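Q: give me a 3D structure for the following:
(chains A and B)
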Amino acid sequence: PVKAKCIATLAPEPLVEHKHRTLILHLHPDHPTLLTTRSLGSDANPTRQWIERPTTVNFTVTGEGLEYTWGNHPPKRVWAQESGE
Amino acid sequence: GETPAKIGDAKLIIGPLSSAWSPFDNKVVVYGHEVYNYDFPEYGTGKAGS
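A: Numbering: from 1, shown residues only, chains lettered A, B, ... in the order given. Pasting the structure now:
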């Protein structure tokens, strides 16, 4: 057994949607995709869920940031400061 | 309620009916035979996947 880099997986890109300190994400994979995040406060408040059924989800993003992992697609990151004027 | 139809020998005027419930909604999608009273988003806008 060797450390080959398999030609490997990739899940379709997400639909990013803005709200006030909140990411609505209409999402639509090919296969069951383990999504997960890390609210970068010292309060981690992570989430995990395999997604195979297309699902609009939500994420209470904080002031300092959140990150977002659409499958083995690379991890995203997001500034959600205010939007409530 | 002013249309006759002189087919046969009798002249007959019908309605207008009082029960104006169009079971169709304003916005409708249609597929082959199955009709869906769906709020289709619009031409020109529909989000991908949706």
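
Q: pull the number of nearby residues for the residue nearest to residue A:9 when sequence neighbours are not counted.
A: Nearest residue to residue A:9, sequence neighbours excluded (CB to CB, 6 or more residues apart in numbering or on different chains): residue A:72, at 5.6 Å. In short, each C-beta sits where N, CA and C put it, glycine included. Residue A:72: 12 surrounding residues under other CB atoms under 10 Å in any protein chain shown.

Q: same thing with residue B:45?
A: For residue B:45, using other CB under 10 Å, the count is 8.

Q: next one: it from residue A:55, what distance?
A: Residue B:45 sits 21 Å away from residue A:55, going by CB to CB, to the nearest Å.

Q: now do the contacts for the most centrally placed residue in chain A.
A: Geometric centre of chain A, nearest residue: residue A:68, 3.0 Å, by CA atoms, centre = their mean. Residues in contact with residue A:68 (CB atoms under 8 Å, 6 or more residues apart in numbering or on different chains) are A:14, A:23, A:35, A:37, A:59, A:75, A:76, A:77, A:78.

Q: got it, and residue A:70?
A: A:11, A:13, A:14, A:27, A:33, A:35, A:76.

Q: grab the nearest non-local neighbour of the residue in chain B that chain A sits nearest to.
A: Going by CB to the nearest CB, chain A is nearest to residue B:49 of chain B, at 4.3 Å. Closest residue in space to residue B:49, ignoring its immediate chain neighbours: residue A:28 at 4.3 Å, by CB to CB, 6+ apart.

Q: and that neighbour, how close does it get to residue A:54?
A: As judged by CB to CB, residue A:28 and residue A:54 stand 4 Å apart.

Q: hey, what's in contact with both of these two?
A: By CB under 8 Å, 6+ apart, residue A:28 and residue A:54 have these common neighbours: residue B:49.

Q: okay, the two: which has more neighbours?
A: Per other CB under 10 Å, whichever of residue A:28 and residue A:54 has more neighbours is residue A:28, with 18 against 12.

Q: now residue B:35: closest residue in space that isn't a chain neighbour?
A: residue B:28 (6.5 Å).
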